[PDB]
$ cat model_35.pdb   # PDB, C-alpha atoms and all ligand atoms
MODEL        1
ATOM      1  CA  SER A   1       0.000   0.000   0.000
ATOM      2  CA  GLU A   2       1.028   3.610  -0.497
ATOM      3  CA  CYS A   3      -0.114   4.498   2.995
ATOM      4  CA  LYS A   4       0.802   3.438   6.543
ATOM      5  CA  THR A   5      -0.910   2.435   9.766
ATOM      6  CA  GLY A   6       0.507   3.356  13.168
ATOM      7  CA  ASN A   7       4.278   3.469  13.046
ATOM      8  CA  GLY A   8       4.384   1.819   9.652
ATOM      9  CA  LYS A   9       6.413  -1.131  10.837
ATOM     10  CA  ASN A  10       4.709  -3.121   8.041
ATOM     11  CA  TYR A  11       4.669  -0.300   5.462
ATOM     12  CA  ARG A  12       5.657  -1.525   1.991
ATOM     13  CA  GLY A  13       4.970   1.549  -0.154
ATOM     14  CA  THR A  14       7.394   3.229  -2.584
ATOM     15  CA  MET A  15       8.090   6.607  -0.968
ATOM     16  CA  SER A  16      11.850   7.208  -1.573
ATOM     17  CA  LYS A  17      12.462  10.812  -0.490
ATOM     18  CA  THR A  18      12.798  12.087   3.074
ATOM     19  CA  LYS A  19      10.490  14.738   4.487
ATOM     20  CA  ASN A  20      13.005  17.342   3.160
ATOM     21  CA  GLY A  21      12.873  15.996  -0.379
ATOM     22  CA  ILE A  22      16.287  14.279  -0.260
ATOM     23  CA  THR A  23      16.678  11.035  -2.213
ATOM     24  CA  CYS A  24      16.983   8.065   0.118
ATOM     25  CA  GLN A  25      20.100   5.921  -0.145
ATOM     26  CA  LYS A  26      19.635   2.335  -1.416
ATOM     27  CA  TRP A  27      19.477  -0.097   1.546
ATOM     28  CA  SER A  28      21.974  -2.159  -0.510
ATOM     29  CA  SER A  29      24.599   0.603  -0.653
ATOM     30  CA  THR A  30      27.172   1.502   1.990
ATOM     31  CA  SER A  31      27.832   5.021   0.815
ATOM     32  CA  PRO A  32      27.596   7.647   2.121
ATOM     33  CA  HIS A  33      26.271   5.680   5.085
ATOM     34  CA  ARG A  34      26.955   2.128   6.150
ATOM     35  CA  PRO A  35      23.647   0.629   7.323
ATOM     36  CA  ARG A  36      22.783  -1.293  10.495
ATOM     37  CA  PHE A  37      19.735  -2.589   8.549
ATOM     38  CA  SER A  38      20.149  -3.969   5.061
ATOM     39  CA  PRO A  39      18.607  -6.749   2.965
ATOM     40  CA  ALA A  40      21.132  -9.480   3.680
ATOM     41  CA  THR A  41      20.689  -9.213   7.458
ATOM     42  CA  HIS A  42      16.991  -8.212   7.395
ATOM     43  CA  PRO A  43      15.343 -10.029   4.408
ATOM     44  CA  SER A  44      11.844  -9.700   5.900
ATOM     45  CA  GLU A  45      11.905  -5.919   6.483
ATOM     46  CA  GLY A  46      11.383  -5.051   2.804
ATOM     47  CA  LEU A  47      14.658  -3.196   2.411
ATOM     48  CA  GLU A  48      14.117  -2.798  -1.345
ATOM     49  CA  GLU A  49      15.560  -0.083  -3.610
ATOM     50  CA  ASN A  50      15.673   3.095  -1.580
ATOM     51  CA  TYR A  51      12.132   2.900  -0.101
ATOM     52  CA  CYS A  52      11.320   4.385   3.299
ATOM     53  CA  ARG A  53      10.908   1.575   5.887
ATOM     54  CA  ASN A  54      10.876   1.021   9.640
ATOM     55  CA  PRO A  55      13.085  -2.039  10.383
ATOM     56  CA  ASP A  56      13.766  -0.699  13.886
ATOM     57  CA  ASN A  57      10.163  -0.029  15.003
ATOM     58  CA  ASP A  58      10.812   3.720  15.435
ATOM     59  CA  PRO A  59       7.695   5.266  16.957
ATOM     60  CA  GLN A  60       8.342   8.200  14.601
ATOM     61  CA  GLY A  61       7.605   5.861  11.680
ATOM     62  CA  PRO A  62       9.340   4.946   8.411
ATOM     63  CA  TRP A  63      12.619   6.496   7.471
ATOM     64  CA  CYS A  64      15.650   5.885   5.259
ATOM     65  CA  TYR A  65      19.402   6.315   5.163
ATOM     66  CA  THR A  66      19.863   9.569   3.141
ATOM     67  CA  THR A  67      22.161  10.386   0.233
ATOM     68  CA  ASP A  68      23.254  13.508   2.119
ATOM     69  CA  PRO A  69      26.527  12.498   3.751
ATOM     70  CA  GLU A  70      25.917  14.836   6.708
ATOM     71  CA  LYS A  71      22.472  13.347   7.390
ATOM     72  CA  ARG A  72      22.628   9.633   8.174
ATOM     73  CA  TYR A  73      18.890   9.077   8.324
ATOM     74  CA  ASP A  74      15.641  10.926   8.223
ATOM     75  CA  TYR A  75      11.928  10.379   8.266
ATOM     76  CA  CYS A  76       9.654  10.358   5.262
ATOM     77  CA  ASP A  77       6.224  11.851   4.753
ATOM     78  CA  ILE A  78       3.805   8.998   4.324
ATOM     79  CA  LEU A  79       0.020   9.130   3.874
ATOM     80  CA  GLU A  80      -1.990   7.544   6.704
ATOM     81  CA  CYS A  81      -4.234   4.724   5.515
TER      82      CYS A  81
HETATM   83  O1  LIG A 101      21.625   2.939  11.639
HETATM   84  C1  LIG A 101      20.998   3.795  12.214
HETATM   85  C2  LIG A 101      19.582   3.933  12.199
HETATM   86  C3  LIG A 101      19.374   5.032  12.949
HETATM   87  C4  LIG A 101      18.043   5.628  13.275
HETATM   88  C5  LIG A 101      16.940   5.119  12.330
HETATM   89  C6  LIG A 101      15.618   5.792  12.727
HETATM   90  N1  LIG A 101      15.355   5.312  14.109
HETATM   91  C7  LIG A 101      16.350   5.883  15.039
HETATM   92  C8  LIG A 101      15.997   5.440  16.455
HETATM   93  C9  LIG A 101      16.783   6.225  17.488
HETATM   94  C10 LIG A 101      16.693   7.603  17.554
HETATM   95  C11 LIG A 101      17.392   8.293  18.532
HETATM   96  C12 LIG A 101      18.199   7.618  19.434
HETATM   97  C13 LIG A 101      18.265   6.234  19.385
HETATM   98  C14 LIG A 101      17.572   5.542  18.403
HETATM   99  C15 LIG A 101      17.727   5.242  14.720
HETATM  100  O2  LIG A 101      20.554   5.477  13.398
HETATM  101  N2  LIG A 101      21.475   4.809  12.963
ENDMDL
END
$ encode --input "model_35.pdb" --output "structure tokens" --more "lines below"
Ligand SMILES: O=c1cc([C@H]2CCN[C@@H](Cc3ccccc3)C2)o[nH]1
Amino acid sequence: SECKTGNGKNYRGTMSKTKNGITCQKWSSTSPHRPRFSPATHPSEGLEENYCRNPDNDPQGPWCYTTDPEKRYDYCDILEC
């Protein structure tokens, strides 16, 4: 769905920009940021492409590692189901 419920722990939409409009980094890349959550280690968390996800159950909801090297992560703006 292209919307989330609660903290979006199970969100599987395609939002790929942070709330500031910055392109998310691919969960499969290690640059500029080396992830703690990536597909190999977390194959059930939907860490596909550069989509915003919540593999760590952040109460603030889905987020992504960002392409900005001075911003490791940030939240995304996701529609509420
Ligand atoms: O690899 C990573 C992922 C993160 C963020 C991801 C969003 N949830 C944050 C949860 C959080 C916020 C503040 C303090 C502790 C944990 C941790 O930081 N490094």
$ closest_atom_pairs --input "model_35.pdb" --of "chain A" --to "ligand LIG 101 (chain A)" --cutoff "9 Å" --atoms "only C-alpha atoms and all ligand atoms" --output "JSON lines"
{"residue": "A:33", "atom": "CA", "partner": "A:LIG101", "partner_atom": "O1", "distance": 8.5}
{"residue": "A:34", "atom": "CA", "partner": "A:LIG101", "partner_atom": "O1", "distance": 7.7}
{"residue": "A:35", "atom": "CA", "partner": "A:LIG101", "partner_atom": "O1", "distance": 5.3}
{"residue": "A:36", "atom": "CA", "partner": "A:LIG101", "partner_atom": "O1", "distance": 4.5}
{"residue": "A:37", "atom": "CA", "partner": "A:LIG101", "partner_atom": "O1", "distance": 6.6}
{"residue": "A:54", "atom": "CA", "partner": "A:LIG101", "partner_atom": "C6", "distance": 7.4}
{"residue": "A:55", "atom": "CA", "partner": "A:LIG101", "partner_atom": "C5", "distance": 8.4}
{"residue": "A:56", "atom": "CA", "partner": "A:LIG101", "partner_atom": "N1", "distance": 6.2}
{"residue": "A:57", "atom": "CA", "partner": "A:LIG101", "partner_atom": "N1", "distance": 7.5}
{"residue": "A:58", "atom": "CA", "partner": "A:LIG101", "partner_atom": "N1", "distance": 5.0}
{"residue": "A:59", "atom": "CA", "partner": "A:LIG101", "partner_atom": "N1", "distance": 8.2}
{"residue": "A:60", "atom": "CA", "partner": "A:LIG101", "partner_atom": "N1", "distance": 7.6}
{"residue": "A:61", "atom": "CA", "partner": "A:LIG101", "partner_atom": "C6", "distance": 8.1}
{"residue": "A:62", "atom": "CA", "partner": "A:LIG101", "partner_atom": "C6", "distance": 7.7}
{"residue": "A:63", "atom": "CA", "partner": "A:LIG101", "partner_atom": "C6", "distance": 6.1}
{"residue": "A:64", "atom": "CA", "partner": "A:LIG101", "partner_atom": "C5", "distance": 7.2}
{"residue": "A:65", "atom": "CA", "partner": "A:LIG101", "partner_atom": "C2", "distance": 7.4}
{"residue": "A:72", "atom": "CA", "partner": "A:LIG101", "partner_atom": "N2", "distance": 6.9}
{"residue": "A:73", "atom": "CA", "partner": "A:LIG101", "partner_atom": "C5", "distance": 6.0}
{"residue": "A:74", "atom": "CA", "partner": "A:LIG101", "partner_atom": "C6", "distance": 6.8}
{"residue": "A:75", "atom": "CA", "partner": "A:LIG101", "partner_atom": "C6", "distance": 7.4}
$ resolve_selection --input "model_35.pdb" --expression "the PyMOL selection byres (((chain A and resi 25-30) around 6) and not hetatm)" --output "VMD selection string"
chain A and resid 24 31 33 to 34 38 47 49 to 50 65 to 67
$ atom_distance --input "model_35.pdb" --atom1 "atom CA of residue 68 of chain A" --atom2 "atom CA of residue 46 of chain A"
22.0 Å
$ resolve_selection --input "model_35.pdb" --expression "the PyMOL selection byres (((chain A and resi 16) around 8) and not hetatm)" --output "MDAnalysis selection string"
chainID A and resid 14:15 17:18 23:24 50:52 64 76
$ write_last_selection --input "model_35.pdb" --atoms "C-alpha atoms" --output "short mmCIF file (atom, residue, chain, number, x, y, z; two decimals), in the frame of the given file"
data_model
loop_
_atom_site.label_atom_id
_atom_site.label_comp_id
_atom_site.auth_asym_id
_atom_site.auth_seq_id
_atom_site.Cartn_x
_atom_site.Cartn_y
_atom_site.Cartn_z
CA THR A 14 7.39 3.23 -2.58
CA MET A 15 8.09 6.61 -0.97
CA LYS A 17 12.46 10.81 -0.49
CA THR A 18 12.80 12.09 3.07
CA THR A 23 16.68 11.04 -2.21
CA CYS A 24 16.98 8.06 0.12
CA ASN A 50 15.67 3.10 -1.58
CA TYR A 51 12.13 2.90 -0.10
CA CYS A 52 11.32 4.38 3.30
CA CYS A 64 15.65 5.88 5.26
CA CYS A 76 9.65 10.36 5.26
#
$ residues_around --input "model_35.pdb" --residues "residue 81 of chain A" --least-positions-apart "4" --cutoff "9 Å" --atoms "all atoms listed in the file" --output "list in words"
residues 1, 2, 3, 4 and 5 of chain A
$ closest_residue --input "model_35.pdb" --among "A:45, A:22, A:39, A:53" --to "residue 69 of chain A" --atoms "only C-alpha atoms"
A:22
$ closest_residue --input "model_35.pdb" --among "A:70, A:48, A:32, A:43" --to "residue 12 of chain A" --atoms "only C-alpha atoms"
A:48
